[PDB]
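We number each residue from 1, following the sequence as shown. Side chains included, hydrogens not; waters and symmetry mates left out as well; all remaining heavy atoms used.
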Amino acid sequence: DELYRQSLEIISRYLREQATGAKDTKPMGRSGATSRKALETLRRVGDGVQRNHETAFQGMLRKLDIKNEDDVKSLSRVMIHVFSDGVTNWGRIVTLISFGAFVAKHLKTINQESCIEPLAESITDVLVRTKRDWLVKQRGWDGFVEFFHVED
Ligand SMILES: Cc1cc(C(=O)NS(=O)(=O)c2ccc(N[C@H](CCN(C)C)CSc3ccccc3)c([N+](=O)[O-])c2)ccc1-c1cccc2c(CCCOc3cccc4ccccc34)c(C(=O)O)nn12
């Protein structure tokens, strides 16, 4: 189940880096080459999504009323209902993960830093349960990186 493992690594790191403002120094794993480039991709593409859907992200966050790990537990059920509706593409997977980072910054501001792990697990779980095969078809994270690769 390398896919759940790679995905969690990428998503947790992006969420953590986003909440704290600080890159993590610790080495990756099996395909940390891909993992790093996928993290670098999220930095550019994930950040843009946050800038452009700031209002909807704030509105979604406020309506969700997230205060603790408990409020986080219930998040995942709303997450899957919204996400598994409509069409699959890389853009919606990035919207998913980007709102995850938006929620993670909010958690940090409210002193719920440790809600960031289960949030990441919950995002990773939703994505992999509903999109595993599409992800496989796309060459998972290498495909992610290749599809979004632009000149710096
Ligand atoms: C992008 C987007 C666009 C719209 C939208 O509807 N935008 S809108 O129509 O342009 C518009 C509408 C209204 C207003 N304003 C209202 C005023 C209304 N009055 C007329 C009454 C108030 S403000 C307000 C109030 C409410 C909403 C918007 C704004 C305005 N506005 O004012 O600008 C513009 C709505 C939502 C999203 C959105 C948010 C977050 C995640 C997500 C996903 C990923 C899956 C879910 O992930 C998770 C789900 C749940 C939890 C998770 C946790 C972690 C990770 C992922 C999680 C997808 C997706 O995959 O599709 N979409 N999202």
Side-chain angles (χ1 to χ4, degrees), residues 1-20 23-24 28-66 69-108 112 115-152:
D1 217 333
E2 186 74 24
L3 185 47
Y4 181 93
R5 209 87 34 79
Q6 185 171 20
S7 291
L8 183 54
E9 158 159 275
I10 298 165
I11 290 158
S12 91
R13 299 232 187 194
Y14 180 61
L15 271 48
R16 256 182 292 98
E17 290 185 22
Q18 295 271 296
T20 63
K23 174 184 190 260
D24 170 22
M28 289 294 195
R30 272 77 204 274
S31 57
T34 301
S35 287
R36 160 214 273 95
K37 299 198 283 291
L39 186 39
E40 252 143 29
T41 300
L42 281 173
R43 281 171 195 140
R44 205 184 74 250
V45 200
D47 286 19
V49 166
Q50 277 178 79
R51 285 160 40 218
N52 295 148
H53 293 289
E54 169 158 7
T55 296
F57 280 10
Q58 192 59 34
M60 187 57 41
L61 174 68
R62 203 215 328 123
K63 295 189 168 199
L64 297 168
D65 183 34
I66 310 159
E69 184 152 346
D70 185 353
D71 279 342
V72 171
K73 301 199 178 81
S74 79
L75 265 175
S76 85
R77 272 97 188 158
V78 176
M79 181 184 327
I80 193 172
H81 182 57
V82 178
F83 183 63
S84 67
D85 179 34
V87 118
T88 317
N89 58 34
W90 282 123
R92 300 194 58 200
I93 284 143
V94 174
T95 304
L96 187 78
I97 289 162
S98 302
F99 185 62
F102 197 89
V103 169
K105 288 165 187 173
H106 161 84
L107 286 175
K108 162 122 201 156
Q112 298 282 358
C115 294
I116 296 165
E117 180 172 22
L119 179 70
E121 302 177 13
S122 164
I123 299 169
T124 312
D125 184 59
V126 159
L127 176 71
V128 174
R129 277 183 53 204
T130 76
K131 315 278 177 200
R132 179 185 304 280
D133 309 333
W134 187 97
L135 292 166
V136 165
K137 179 160 203 184
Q138 301 299 326
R139 284 141 55 70
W141 291 105
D142 295 333
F144 174 77
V145 161
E146 290 160 11
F147 175 86
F148 289 110
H149 207 105
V150 287
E151 281 291 294
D152 200 59

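Judged purely by atom type and a 3.5 angstrom limit, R92 uses its side chain to pair as donor or acceptor with the backbone of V87.
Rounding to the nearest 0.5 angstrom, the gap separating the CZ atom in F57 from the CD atom in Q50 is 6.5 Å.
Take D65 and apply the salt bridge (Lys or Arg N to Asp or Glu O under 4.0 Å) test, not counting sequence neighbours, and it matches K67.
Between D71 and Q112, the side chains place no donor N or O within less than 3.5 Å of an acceptor N or O (distance only, hydrogens not considered).
By the 4.0 Å N-to-carboxylate-O rule, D1 lies close enough to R132 to be salt-bridged with it. Salt-bridge formation is detected for the pair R43/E17: a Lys NZ or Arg NE/NH1/NH2 atom is positioned less than 4.0 Å from an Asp or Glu carboxylate oxygen.
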Q) Would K108 and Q18 count as a side-chain hydrogen bond (donor to acceptor under 3.5 Å, both in side chains) if you check the C-alpha gap in whole Å, the side-chain angles of each, and the deciding distance to 0.1 Å? A) CA-CA 10 Å; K108 162 122 201 156; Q18 295 271 296; over 6 Å; no

Q: Take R16 and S12, measure what side-chain hydrogen bond (donor to acceptor under 3.5 Å, both in side chains) needs, and give me the verdict at the end.
A: CA-CA 6 Å; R16 256 182 292 98; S12 91; 2.8 Å; yes

**Q.** Test log, rule salt bridge (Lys or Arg N to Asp or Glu O under 4.0 Å), inputs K37 and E40
**A.** CA-CA 5 Å; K37 299 198 283 291; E40 252 143 29; over 6 Å; no

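Among residue pairs with one or both ends in residues 142-152, those qualifying as side-chain hydrogen bond (donor to acceptor under 3.5 Å, both in side chains) are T34-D142, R139-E146; sequence neighbours excluded.
Across every non-hydrogen atom of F102 and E54, the tightest pair is CZ-O, 4.2 Å. The minimum heavy-atom distance between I116 and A19, with the atom names listed, is CD1-CB, 3.6 Å.
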